[PDB]
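Everything on this sheet refers to the single structure shown next.
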Amino acid sequence: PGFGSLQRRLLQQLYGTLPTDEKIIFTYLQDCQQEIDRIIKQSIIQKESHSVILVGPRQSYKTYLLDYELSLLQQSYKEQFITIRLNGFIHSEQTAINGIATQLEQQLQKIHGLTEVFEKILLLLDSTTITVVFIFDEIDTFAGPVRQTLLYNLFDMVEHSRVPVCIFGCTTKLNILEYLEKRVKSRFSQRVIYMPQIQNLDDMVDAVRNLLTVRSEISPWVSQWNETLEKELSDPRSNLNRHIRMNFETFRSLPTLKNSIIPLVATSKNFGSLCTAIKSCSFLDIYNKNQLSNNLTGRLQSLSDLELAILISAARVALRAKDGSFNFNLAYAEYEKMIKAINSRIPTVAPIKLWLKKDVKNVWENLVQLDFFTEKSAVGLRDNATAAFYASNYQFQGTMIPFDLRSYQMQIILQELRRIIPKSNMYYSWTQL
Amino acid sequence: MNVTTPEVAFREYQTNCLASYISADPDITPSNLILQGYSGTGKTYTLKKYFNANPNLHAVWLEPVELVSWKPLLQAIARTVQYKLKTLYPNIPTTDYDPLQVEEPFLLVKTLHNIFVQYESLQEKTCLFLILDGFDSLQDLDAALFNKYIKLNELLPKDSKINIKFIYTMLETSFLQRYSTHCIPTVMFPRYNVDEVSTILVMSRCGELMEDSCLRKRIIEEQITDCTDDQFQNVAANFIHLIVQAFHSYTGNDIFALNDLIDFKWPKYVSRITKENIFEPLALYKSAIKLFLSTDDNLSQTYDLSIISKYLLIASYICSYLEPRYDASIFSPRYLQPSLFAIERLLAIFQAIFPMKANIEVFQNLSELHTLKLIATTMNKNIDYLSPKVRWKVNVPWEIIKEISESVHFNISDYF
Amino acid sequence: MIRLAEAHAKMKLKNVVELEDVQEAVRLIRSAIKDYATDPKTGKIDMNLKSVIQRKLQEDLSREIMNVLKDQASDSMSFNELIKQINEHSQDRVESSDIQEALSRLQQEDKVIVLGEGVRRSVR
Amino acid sequence: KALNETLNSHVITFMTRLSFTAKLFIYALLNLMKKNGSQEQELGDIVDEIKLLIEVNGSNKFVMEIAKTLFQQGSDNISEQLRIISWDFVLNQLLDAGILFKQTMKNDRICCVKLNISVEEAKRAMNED
Ligand SMILES: Nc1ncnc2c1ncn2[C@@H]1O[C@H](COP(=O)(O)OP(=O)(O)OP(=O)(O)O)[C@@H](O)[C@H]1O
Ligand SMILES: Nc1ncnc2c1ncn2[C@@H]1O[C@H](COP(=O)(O)OP(=O)(O)OP(=O)(O)O)[C@@H](O)[C@H]1O
């Protein structure tokens, strides 16, 4: 019964929504964390004006630091900062202004209980007085070839506002200083901060230690949990340590490892079960193979005999072709030819079905949907709504020409088939030309 | 916090994964969750099966399949969330917001914020599992759309007592691989094995077929005396195994096509049932053989055409598959798509092969063929035949041209 | 290959042909045709004949040498003992020069002690 | 100090701090750029060029372990994969950081990939590994 308390405590720490007094800052992040915190405190406590962009890939803990700093400062300066949040994906170049207008009023309501828009905002702040905080995710989206009036005004307000003004930007591009136009680039304070990447296995081991340890006596098994965690992080031959090393070698986004670990803690039913699972550490293999179950090999292992034979025949035509193109007629011709060959190599007796061309249509439809084939020049999923509009307006020839003559290209080359297809398969001998 | 788990067969790992990431406390659930699998994998089945065992979870169901574009998808979220909140907690005084006012995602965020502020008086923080089935099945779709719903709830104030916890279901793998860096919790559905498909069909569609009117007739007609429900179950079960083993290499491993084949062939198989056919299903197989020898998914002298039309369609095929080099020698690439040609070639070849001059009936038959779509043109809208830019091609396969040549006694087989 | 195998032993003036003759004959054919410098899918010649993969191999080899040195219940070991314990224990034997290079790098970083050719000793 | 941070670029150090798979990807792409004299390489080229680079050194013992990591993620229950583990992850991550350029095509083999950064700094980053 009491195991549930610790099991929930572990998950609550894992998701990261801890109280500011209980929250964790990883060691390798602390330098940039203090660099950000100094600017934030200068802008809020000491009424300075600044503009900063944070750099780093997605899931690099970039916004977590800002959230931690604001949650810290809300304890002592609750009445002295206003936060404005804008996201590049949701807010367009039009909807940003309305978002700012609504959020300013929303903050002011709980506080009290564009040539002139920004100036009137400043005048309202002056007449009601508080430091205005701007947070931007996906700066590159705002910094596109579309006119950058929003950031142009925001960075101009830094050294001209009668009210303290601070701007934080978030993006993953490294060429940010070329994304921003020369007009905007000039006005920006250019104190670019690059998030510290994990660069040693010691960094990741310490991050795991910080993340999974329990610092308070929530449960009587907290001492056992911390000790077991440190033991498994200590012995180099631990299964968990091996998996952590593999993660570090493969990809260095820590939240991926966090999300991988979450099911292990969540599924645990008892402390003994938790200890056995974390020692064996076998369920990460199951998770990883399920991550791989809908890959090319996973889809290929599920096909039927006739589907596999038609796939092999299509691959052979693609291989013989100069451009790799093929169609239904050639595929069925090769299927008939290989069935004839297989029958011929079986001696005739003195006194295998070639499926009808109509029945093979269902097999063709199955394979086209499972993405083993693709249309000659299929762009696939378009990038943006305007591209989707122009795509849906147009009528492609490949959708009009008959089912038997649509041109396709192959995704699994015959060599990959020979790697994957078991040799016990009857059609395996045709995986060679 | 603890959530009970239904025993969904062949989805045990995914049921455990949905026991994870889904709980009463919004501090123990993620902002986004994706379940992925191709069609006929059980995701829509399994998700509803899991939610049907834990009513306390407040789930909202929507289907982009019906909602053609993104505007209906946005509006339905607000509408259904508002209605569900009224259904769950009615006593709080609230004011309605029109779901048709949601023209932008920012307006969706605004409306959600306003609604949650109206419920702020709630004692406890609670989850709101908005569910979208087949996100990639949306017909007006683009790559940039999904990020807007990935990074949504962080614009909401975290002080709100109601927290939205999105759940998505997806079909394609090429959609997931554009969003792998986000490390979104993902639960995967692989295609079932044959041993799984057969048992799924036996468990699901057995009793429904077992008591249909068609058997309600035949049981009395054959005056079966010792029949019991177990015999019914076994006789019905044998049908699914026979159809699966007969048409597995044709359908593949899809439940839908097997169900449709069973639906079509079940009355005919029942028709062959006699007094001696039950308790020996081998005889049932040995009498309904022709059901298992053809797919019978077909919807049903195939073309009855005028002689002028027949020779025009012969000449058009000759134009479409003979290289232009040979028109000056023969008369004086089957697997490939047909090449284009001009009417000037068609008229000359037709005049050279018919056993006719330029009376209106020839052109009338040609236009009839175009209206029949036995011959295609290079346009889609505002057909302008007389414009010189239009070109012609054959839309008929060789297997029909051969029969036409036989019916008109022509020898296309010797020109290639 | 077989004719060159007999020709090598004839130079050796030995009554039989053995592994060294065969392996050298195989190598000579490999070197003559210049196989490893030829791309296996285009037949083109690589004009260049330390990669990152080699760097990883030496990193892991040095770390495994450290692990073996600190895991065994002996403060010191010989290079022949190390070869018997690791190199010849599993999989085809690899050339011992790489092990020597790794331990020399560790010694230059003062992670291992090499008091002599016949002995290798743990860290100070 | 202010002048140094204005002039110095984080690209090279970030590349040197990339994971092993990303460095291997960039190394294989540079190798194809040398062997073909081209600016862009299809994933059909790179996916098996990585296999070639693994196989050329395949006579070494730890090449077996690195192959087990790259193609079966070190587990016996996983069969051979046509992509190295996290191929998609690193492929997107290089596109996310602006290092890499990819053209839209729903075919996972004929899709073309091109470096956005300069060649010489990539060579320098590979040299420092
Ligand atoms: N309020 C929060 N509480 C707990 N964890 C959080 C919070 N906000 C973010 N995180 C953590 O942040 C990690 C991902 O990084 P983060 O959210 O800071 O990046 P981001 O802002 O999405 O990045 P980018 O804009 O560069 O794409 C996740 O592992 C998540 O747990
Ligand atoms: N484990 C199972 N046991 C029994 N029946 C199952 C099982 N899994 C799936 N099914 C069957 O699968 C059928 C198809 O529903 P399913 O959930 O598979 O659709 P789907 O893959 O979400 O479809 P779509 O992509 O068209 O929305 C259901 O009618 C259900 O009976």
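Please note that chains go A, B, ... in the order of the structure tokens, that every chain numbers its residues from 1, and that ligands are numbered from 1 in the order shown.
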
Near-ligand residues for ligand 1, threshold 7 Å, only C-alpha atoms and all ligand atoms, as a VMD selection string: chain A and resid 15 to 17 55 to 65 67 137 to 138 170 to 172 255 258

Could you name the residues that touch residue A:132 at 7 Å or less, counting only C-alpha atoms, but leaving out those on the same chain fewer than 3 positions away, as a count of residues only? 6

Residues of chain D within 8 Å of chain B, only C-alpha atoms counted, as a ChimeraX atom specification: /D:88-89,92-93,106

For chain A, which of D:127, D:75, D:118, D:59 is the closest residue, counting only C-alpha atoms?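 Counting only C-alpha atoms, the residue closest to chain A is D:75.
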
List the neighbours of residue A:431 out to 9 Å using only C-alpha atoms; skip same-chain residues closer than 2 positions along the sequence, and give me the result as a count of residues only. 13

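With atom CA of residue A:154 on one side and atom CA of residue A:117 on the other, the separation reads 12.0 Å.
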
Per residue of chain C within 10 Å of chain D, record the nearest atom pair and its distance in Å to one decimal, counting only C-alpha atoms, with rows in chain order and ascending residue number, as CSV.
```
residue,atom,partner,partner_atom,distance
C:36,CA,D:56,CA,7.8
C:37,CA,D:56,CA,10.0
C:39,CA,D:52,CA,9.1
C:40,CA,D:52,CA,8.6
C:41,CA,D:52,CA,9.6
C:44,CA,D:35,CA,8.8
C:45,CA,D:35,CA,9.4
C:46,CA,D:35,CA,7.9
C:47,CA,D:35,CA,9.6
C:50,CA,D:127,CA,8.3
C:51,CA,D:127,CA,8.3
C:52,CA,D:129,CA,6.3
C:53,CA,D:24,CA,7.7
C:54,CA,D:57,CA,8.3
C:55,CA,D:129,CA,7.3
C:56,CA,D:20,CA,8.8
C:57,CA,D:62,CA,6.3
C:58,CA,D:62,CA,9.3
C:60,CA,D:62,CA,7.8
C:61,CA,D:62,CA,8.0
C:87,CA,D:61,CA,9.0
C:90,CA,D:61,CA,9.2
C:91,CA,D:61,CA,7.2
C:92,CA,D:61,CA,8.1
C:93,CA,D:61,CA,8.7
C:94,CA,D:60,CA,7.0
C:95,CA,D:60,CA,9.4
```

May I have the selected residues written with N, CA and C atoms, as a compact mmCIF listing (two decimals), in the first residue's frame?
```txt
# COMPACT_ATOMS: atom_id res chain seq x y z
N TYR C 36 41.39 -4.32 -51.21
CA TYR C 36 40.87 -3.45 -50.16
C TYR C 36 40.87 -1.98 -50.55
N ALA C 37 41.71 -1.58 -51.50
CA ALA C 37 41.71 -0.21 -52.00
C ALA C 37 40.71 -0.01 -53.13
N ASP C 39 36.72 -0.11 -54.43
CA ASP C 39 35.35 -0.06 -53.94
C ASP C 39 34.59 -1.31 -54.36
N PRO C 40 33.84 -1.94 -53.45
CA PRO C 40 33.17 -3.21 -53.78
C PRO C 40 31.91 -3.06 -54.61
N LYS C 41 31.40 -1.84 -54.83
CA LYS C 41 30.18 -1.66 -55.60
C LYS C 41 30.38 -0.82 -56.85
N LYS C 44 36.03 1.21 -58.30
CA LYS C 44 36.94 2.33 -58.38
C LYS C 44 38.06 2.20 -57.36
N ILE C 45 39.16 2.91 -57.62
CA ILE C 45 40.36 2.84 -56.80
C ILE C 45 40.34 3.98 -55.80
N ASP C 46 40.57 3.66 -54.53
CA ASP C 46 40.69 4.67 -53.48
C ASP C 46 42.12 5.18 -53.47
N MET C 47 42.32 6.44 -53.87
CA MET C 47 43.66 7.01 -53.95
C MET C 47 44.28 7.25 -52.58
N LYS C 50 43.41 8.90 -39.32
CA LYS C 50 42.66 8.13 -38.34
C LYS C 50 41.18 8.48 -38.37
N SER C 51 40.36 7.52 -38.79
CA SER C 51 38.93 7.73 -38.87
C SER C 51 38.31 7.77 -37.47
N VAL C 52 37.09 8.31 -37.41
CA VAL C 52 36.39 8.43 -36.13
C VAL C 52 36.07 7.05 -35.56
N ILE C 53 35.76 6.09 -36.43
CA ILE C 53 35.48 4.73 -35.96
C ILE C 53 36.73 4.12 -35.34
N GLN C 54 37.90 4.35 -35.94
CA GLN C 54 39.14 3.89 -35.34
C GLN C 54 39.37 4.55 -33.99
N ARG C 55 39.03 5.83 -33.88
CA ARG C 55 39.15 6.53 -32.60
C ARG C 55 38.27 5.88 -31.55
N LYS C 56 37.04 5.52 -31.92
CA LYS C 56 36.15 4.82 -30.99
C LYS C 56 36.69 3.45 -30.62
N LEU C 57 37.25 2.72 -31.59
CA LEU C 57 37.81 1.41 -31.30
C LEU C 57 38.95 1.51 -30.29
N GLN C 58 39.85 2.47 -30.48
CA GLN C 58 40.95 2.62 -29.53
C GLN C 58 40.46 3.13 -28.18
N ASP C 60 37.52 2.42 -26.76
CA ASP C 60 36.93 1.28 -26.06
C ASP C 60 37.99 0.26 -25.68
N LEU C 61 39.01 0.08 -26.53
CA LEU C 61 40.07 -0.86 -26.20
C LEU C 61 40.85 -0.40 -24.98
N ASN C 87 42.46 -11.48 -25.76
CA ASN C 87 42.59 -11.52 -27.22
C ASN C 87 42.29 -12.91 -27.77
N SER C 90 38.28 -15.15 -26.94
CA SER C 90 37.08 -15.18 -27.77
C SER C 90 37.38 -14.50 -29.10
N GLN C 91 36.74 -15.00 -30.16
CA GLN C 91 36.87 -14.47 -31.51
C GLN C 91 38.29 -14.63 -32.03
N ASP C 92 38.48 -14.48 -33.35
CA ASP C 92 39.80 -14.64 -33.93
C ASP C 92 40.79 -13.64 -33.34
N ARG C 93 42.02 -14.11 -33.13
CA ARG C 93 43.04 -13.30 -32.47
C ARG C 93 43.36 -12.05 -33.27
N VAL C 94 43.39 -10.91 -32.58
CA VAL C 94 43.77 -9.65 -33.22
C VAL C 94 45.24 -9.37 -32.94
N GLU C 95 45.85 -8.55 -33.80
CA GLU C 95 47.25 -8.20 -33.64
C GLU C 95 47.46 -7.44 -32.33
```

Could you give me, as a PDB file with N, CA, C and O atoms, in the first residue's frame, every polymer residue with an atom at most 6 Å away from an atom of ligand 2, counting only C-alpha atoms and all ligand atoms?
```pdb
ATOM      1  N   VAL B   8      -7.050  -6.563 -23.139  1.00  0.00           N
ATOM      2  CA  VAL B   8      -7.152  -6.552 -24.595  1.00  0.00           C
ATOM      3  C   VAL B   8      -6.126  -7.515 -25.177  1.00  0.00           C
ATOM      4  O   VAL B   8      -4.918  -7.350 -24.974  1.00  0.00           O
ATOM      5  N   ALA B   9      -6.600  -8.525 -25.903  1.00  0.00           N
ATOM      6  CA  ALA B   9      -5.704  -9.530 -26.460  1.00  0.00           C
ATOM      7  C   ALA B   9      -4.848  -8.939 -27.575  1.00  0.00           C
ATOM      8  O   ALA B   9      -5.290  -8.082 -28.345  1.00  0.00           O
ATOM      9  N   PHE B  10      -3.603  -9.413 -27.648  1.00  0.00           N
ATOM     10  CA  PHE B  10      -2.625  -9.017 -28.662  1.00  0.00           C
ATOM     11  C   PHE B  10      -2.323  -7.522 -28.635  1.00  0.00           C
ATOM     12  O   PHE B  10      -1.776  -6.978 -29.600  1.00  0.00           O
ATOM     13  N   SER B  39      -3.845   0.915 -40.699  1.00  0.00           N
ATOM     14  CA  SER B  39      -5.262   0.587 -40.630  1.00  0.00           C
ATOM     15  C   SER B  39      -5.458  -0.890 -40.305  1.00  0.00           C
ATOM     16  O   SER B  39      -4.680  -1.752 -40.722  1.00  0.00           O
ATOM     17  N   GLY B  40      -6.516  -1.176 -39.554  1.00  0.00           N
ATOM     18  CA  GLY B  40      -6.767  -2.524 -39.089  1.00  0.00           C
ATOM     19  C   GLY B  40      -5.745  -3.016 -38.085  1.00  0.00           C
ATOM     20  O   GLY B  40      -5.283  -4.158 -38.167  1.00  0.00           O
ATOM     21  N   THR B  41      -5.381  -2.159 -37.125  1.00  0.00           N
ATOM     22  CA  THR B  41      -4.426  -2.530 -36.088  1.00  0.00           C
ATOM     23  C   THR B  41      -5.029  -2.501 -34.688  1.00  0.00           C
ATOM     24  O   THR B  41      -4.385  -2.970 -33.743  1.00  0.00           O
ATOM     25  N   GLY B  42      -6.235  -1.964 -34.525  1.00  0.00           N
ATOM     26  CA  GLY B  42      -6.918  -2.006 -33.249  1.00  0.00           C
ATOM     27  C   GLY B  42      -6.735  -0.801 -32.356  1.00  0.00           C
ATOM     28  O   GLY B  42      -7.137  -0.858 -31.188  1.00  0.00           O
ATOM     29  N   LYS B  43      -6.153   0.288 -32.859  1.00  0.00           N
ATOM     30  CA  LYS B  43      -5.894   1.445 -32.006  1.00  0.00           C
ATOM     31  C   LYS B  43      -7.191   2.120 -31.569  1.00  0.00           C
ATOM     32  O   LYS B  43      -7.385   2.411 -30.383  1.00  0.00           O
ATOM     33  N   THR B  44      -8.100   2.372 -32.515  1.00  0.00           N
ATOM     34  CA  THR B  44      -9.392   2.946 -32.155  1.00  0.00           C
ATOM     35  C   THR B  44     -10.169   1.999 -31.252  1.00  0.00           C
ATOM     36  O   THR B  44     -10.868   2.438 -30.330  1.00  0.00           O
ATOM     37  N   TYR B  45     -10.053   0.696 -31.500  1.00  0.00           N
ATOM     38  CA  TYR B  45     -10.685  -0.291 -30.633  1.00  0.00           C
ATOM     39  C   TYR B  45     -10.068  -0.281 -29.240  1.00  0.00           C
ATOM     40  O   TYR B  45     -10.783  -0.206 -28.235  1.00  0.00           O
ATOM     41  N   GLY B 134      -6.968   9.159 -35.769  1.00  0.00           N
ATOM     42  CA  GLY B 134      -6.447   9.280 -37.116  1.00  0.00           C
ATOM     43  C   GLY B 134      -6.133  10.709 -37.508  1.00  0.00           C
ATOM     44  O   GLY B 134      -6.785  11.270 -38.394  1.00  0.00           O
ATOM     45  N   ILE B 200      -8.969 -13.365 -33.789  1.00  0.00           N
ATOM     46  CA  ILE B 200      -9.748 -12.142 -33.613  1.00  0.00           C
ATOM     47  C   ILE B 200     -11.084 -12.257 -34.332  1.00  0.00           C
ATOM     48  O   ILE B 200     -12.137 -11.912 -33.784  1.00  0.00           O
ATOM     49  N   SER B 204     -14.737 -12.306 -32.557  1.00  0.00           N
ATOM     50  CA  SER B 204     -15.643 -11.202 -32.831  1.00  0.00           C
ATOM     51  C   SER B 204     -16.852 -11.652 -33.636  1.00  0.00           C
ATOM     52  O   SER B 204     -17.968 -11.708 -33.114  1.00  0.00           O
TER      53      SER B 204
END
```

Contacts from chain A to chain C, 12 Å maximum, only C-alpha atoms: show me the residue list as a PyMOL selection string. chain A and resi 235-237+245+249

With C-alpha atoms retained, write the just-selected residues as a compact mmCIF listing (two decimals), in the first residue's frame.
```
# COMPACT_ATOMS: atom_id res chain seq x y z
CA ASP A 235 29.17 -0.52 -11.40
CA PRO A 236 30.28 -0.21 -15.06
CA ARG A 237 28.78 -3.64 -15.87
CA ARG A 245 26.20 4.39 -22.30
CA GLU A 249 26.82 7.12 -27.75
```

Alpha helix (DSSP H) call set, DSSP backbone run, chain D, as a ChimeraX atom specification: /D:2-7,11-16,20-36,43-56,61-72,87-96,119-128

Residues from the last selection, C-alpha atoms, saved as a PDB file, in the first residue's frame:
```pdb
ATOM      1  CA  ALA D   2      33.226  40.871 -26.054  1.00  0.00           C
ATOM      2  CA  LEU D   3      35.046  40.853 -29.400  1.00  0.00           C
ATOM      3  CA  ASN D   4      35.781  37.121 -29.118  1.00  0.00           C
ATOM      4  CA  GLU D   5      32.136  36.142 -28.606  1.00  0.00           C
ATOM      5  CA  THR D   6      31.130  38.306 -31.584  1.00  0.00           C
ATOM      6  CA  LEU D   7      33.680  36.667 -33.906  1.00  0.00           C
ATOM      7  CA  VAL D  11      29.233  25.614 -35.058  1.00  0.00           C
ATOM      8  CA  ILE D  12      32.574  23.810 -34.821  1.00  0.00           C
ATOM      9  CA  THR D  13      32.473  23.117 -31.082  1.00  0.00           C
ATOM     10  CA  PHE D  14      28.832  22.017 -31.321  1.00  0.00           C
ATOM     11  CA  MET D  15      29.816  19.589 -34.078  1.00  0.00           C
ATOM     12  CA  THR D  16      32.688  18.271 -31.957  1.00  0.00           C
ATOM     13  CA  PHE D  20      28.823   9.463 -32.351  1.00  0.00           C
ATOM     14  CA  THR D  21      26.093   8.696 -34.892  1.00  0.00           C
ATOM     15  CA  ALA D  22      25.929  12.287 -36.156  1.00  0.00           C
ATOM     16  CA  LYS D  23      29.707  12.410 -36.607  1.00  0.00           C
ATOM     17  CA  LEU D  24      29.592   9.080 -38.448  1.00  0.00           C
ATOM     18  CA  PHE D  25      26.830  10.449 -40.687  1.00  0.00           C
ATOM     19  CA  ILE D  26      28.854  13.556 -41.538  1.00  0.00           C
ATOM     20  CA  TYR D  27      31.992  11.460 -42.091  1.00  0.00           C
ATOM     21  CA  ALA D  28      30.171   9.127 -44.485  1.00  0.00           C
ATOM     22  CA  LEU D  29      28.663  12.088 -46.333  1.00  0.00           C
ATOM     23  CA  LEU D  30      32.123  13.652 -46.708  1.00  0.00           C
ATOM     24  CA  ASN D  31      33.494  10.308 -47.911  1.00  0.00           C
ATOM     25  CA  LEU D  32      30.782  10.135 -50.575  1.00  0.00           C
ATOM     26  CA  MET D  33      31.504  13.757 -51.508  1.00  0.00           C
ATOM     27  CA  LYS D  34      35.129  12.742 -52.086  1.00  0.00           C
ATOM     28  CA  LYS D  35      34.394   9.483 -53.919  1.00  0.00           C
ATOM     29  CA  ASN D  36      31.774  11.097 -56.180  1.00  0.00           C
ATOM     30  CA  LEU D  43      20.085   8.340 -48.526  1.00  0.00           C
ATOM     31  CA  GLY D  44      20.317   5.283 -50.763  1.00  0.00           C
ATOM     32  CA  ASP D  45      24.019   6.097 -51.039  1.00  0.00           C
ATOM     33  CA  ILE D  46      24.661   7.025 -47.406  1.00  0.00           C
ATOM     34  CA  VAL D  47      22.741   4.194 -45.719  1.00  0.00           C
ATOM     35  CA  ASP D  48      24.917   1.548 -47.377  1.00  0.00           C
ATOM     36  CA  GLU D  49      28.073   3.682 -47.417  1.00  0.00           C
ATOM     37  CA  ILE D  50      27.889   3.624 -43.619  1.00  0.00           C
ATOM     38  CA  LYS D  51      27.595  -0.162 -43.888  1.00  0.00           C
ATOM     39  CA  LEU D  52      30.659  -0.174 -46.157  1.00  0.00           C
ATOM     40  CA  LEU D  53      32.650   1.932 -43.687  1.00  0.00           C
ATOM     41  CA  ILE D  54      31.658  -0.420 -40.859  1.00  0.00           C
ATOM     42  CA  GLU D  55      32.535  -3.473 -42.956  1.00  0.00           C
ATOM     43  CA  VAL D  56      35.964  -2.284 -44.143  1.00  0.00           C
ATOM     44  CA  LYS D  61      36.618  -7.381 -32.542  1.00  0.00           C
ATOM     45  CA  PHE D  62      34.905  -4.233 -31.260  1.00  0.00           C
ATOM     46  CA  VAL D  63      33.503  -3.633 -34.740  1.00  0.00           C
ATOM     47  CA  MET D  64      31.173  -6.528 -33.904  1.00  0.00           C
ATOM     48  CA  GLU D  65      30.006  -4.700 -30.767  1.00  0.00           C
ATOM     49  CA  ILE D  66      29.587  -1.362 -32.551  1.00  0.00           C
ATOM     50  CA  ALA D  67      27.592  -3.134 -35.284  1.00  0.00           C
ATOM     51  CA  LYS D  68      25.427  -4.780 -32.620  1.00  0.00           C
ATOM     52  CA  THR D  69      24.816  -1.295 -31.210  1.00  0.00           C
ATOM     53  CA  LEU D  70      24.125   0.395 -34.550  1.00  0.00           C
ATOM     54  CA  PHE D  71      21.951  -2.282 -36.189  1.00  0.00           C
ATOM     55  CA  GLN D  72      20.357  -4.234 -33.322  1.00  0.00           C
ATOM     56  CA  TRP D  87      18.995   7.405 -38.183  1.00  0.00           C
ATOM     57  CA  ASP D  88      15.802   9.470 -38.192  1.00  0.00           C
ATOM     58  CA  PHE D  89      16.736  11.170 -34.917  1.00  0.00           C
ATOM     59  CA  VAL D  90      20.132  12.431 -36.080  1.00  0.00           C
ATOM     60  CA  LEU D  91      18.819  13.143 -39.583  1.00  0.00           C
ATOM     61  CA  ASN D  92      16.185  15.472 -38.130  1.00  0.00           C
ATOM     62  CA  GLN D  93      18.561  16.892 -35.506  1.00  0.00           C
ATOM     63  CA  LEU D  94      21.042  18.016 -38.157  1.00  0.00           C
ATOM     64  CA  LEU D  95      18.126  19.588 -40.045  1.00  0.00           C
ATOM     65  CA  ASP D  96      16.826  21.163 -36.828  1.00  0.00           C
ATOM     66  CA  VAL D 119      33.251  21.878 -45.989  1.00  0.00           C
ATOM     67  CA  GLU D 120      36.480  22.974 -44.298  1.00  0.00           C
ATOM     68  CA  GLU D 121      34.969  23.446 -40.839  1.00  0.00           C
ATOM     69  CA  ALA D 122      33.335  20.018 -41.143  1.00  0.00           C
ATOM     70  CA  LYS D 123      36.754  18.555 -41.965  1.00  0.00           C
ATOM     71  CA  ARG D 124      38.247  20.325 -38.947  1.00  0.00           C
ATOM     72  CA  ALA D 125      35.479  19.002 -36.688  1.00  0.00           C
ATOM     73  CA  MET D 126      36.056  15.464 -37.963  1.00  0.00           C
ATOM     74  CA  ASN D 127      39.803  15.827 -37.377  1.00  0.00           C
ATOM     75  CA  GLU D 128      39.371  16.752 -33.697  1.00  0.00           C
TER      76      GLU D 128
END
```

Would you compute the distance between atom CA of residue B:229 and atom CA of residue B:212? Give it in Å to one decimal.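 Interatomic distance here is 13.5 Å.
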
Any idea what's packed within 6 Å of stretch 141-149 of chain A, counting only C-alpha atoms, ignoring anything in its chain fewer than 6 positions away? Could you give it as a ChimeraX atom specification? /A:88,179-180

For chain B, which residues have at least one atom within 6 Å of chain A, if we go by only C-alpha atoms? Write them as a compact mmCIF listing (two decimals) with N, CA and C atoms, in the first residue's frame, please.
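Contents of iface-v4.txt, as written:
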```txt
# COMPACT_ATOMS: atom_id res chain seq x y z
N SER B 20 0.20 3.59 -18.30
CA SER B 20 1.12 4.71 -18.16
C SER B 20 0.59 5.91 -18.95
N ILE B 28 1.27 13.95 -13.47
CA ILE B 28 1.89 12.67 -13.77
C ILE B 28 1.56 12.22 -15.20
N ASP B 142 -1.18 19.15 -43.75
CA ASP B 142 0.17 19.55 -44.09
C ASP B 142 1.08 19.28 -42.90
N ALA B 143 2.39 19.29 -43.16
CA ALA B 143 3.36 18.91 -42.14
C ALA B 143 3.33 19.85 -40.94
N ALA B 144 3.20 21.15 -41.18
CA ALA B 144 3.31 22.13 -40.10
C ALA B 144 2.14 22.09 -39.13
N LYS B 148 1.42 22.64 -34.01
CA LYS B 148 0.49 23.56 -33.38
C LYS B 148 -0.28 22.91 -32.24
N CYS B 183 10.75 13.82 -28.85
CA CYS B 183 10.75 12.79 -27.81
C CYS B 183 9.36 12.58 -27.22
N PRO B 190 1.88 -2.91 -34.23
CA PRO B 190 2.27 -3.66 -35.43
C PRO B 190 1.11 -4.43 -36.02
N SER B 249 -3.50 -15.32 -48.80
CA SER B 249 -2.53 -14.80 -49.75
C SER B 249 -3.14 -13.74 -50.66
N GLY B 252 -4.35 -10.77 -47.51
CA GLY B 252 -3.18 -10.44 -46.70
C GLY B 252 -3.39 -10.81 -45.23
N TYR B 335 3.63 -3.08 -72.25
CA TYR B 335 3.64 -2.95 -70.80
C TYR B 335 3.68 -1.49 -70.37
N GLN B 337 2.69 2.67 -70.59
CA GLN B 337 1.49 3.46 -70.82
C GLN B 337 1.42 3.89 -72.28
```

Pull out every residue of chain A that has at least one atom within 6 Å of chain D, counting only C-alpha atoms, and report them as a PyMOL selection string. chain A and resi 172-174+199+249-252+379-380

Export C-alpha atoms of the chosen residues as a short mmCIF file (atom, residue, chain, number, x, y, z; two decimals), in the first residue's frame?
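Listed below is the output, out-v5.cif:
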```
data_model
loop_
_atom_site.label_atom_id
_atom_site.label_comp_id
_atom_site.auth_asym_id
_atom_site.auth_seq_id
_atom_site.Cartn_x
_atom_site.Cartn_y
_atom_site.Cartn_z
CA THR A 172 17.18 25.56 -32.70
CA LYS A 173 18.90 27.15 -35.71
CA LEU A 174 22.57 28.05 -35.39
CA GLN A 199 29.82 16.13 -23.64
CA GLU A 249 26.82 7.12 -27.75
CA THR A 250 23.75 7.10 -30.00
CA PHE A 251 21.95 10.38 -29.27
CA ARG A 252 22.58 13.03 -26.63
CA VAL A 379 5.94 14.46 -52.94
CA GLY A 380 3.88 12.92 -50.15
#
```
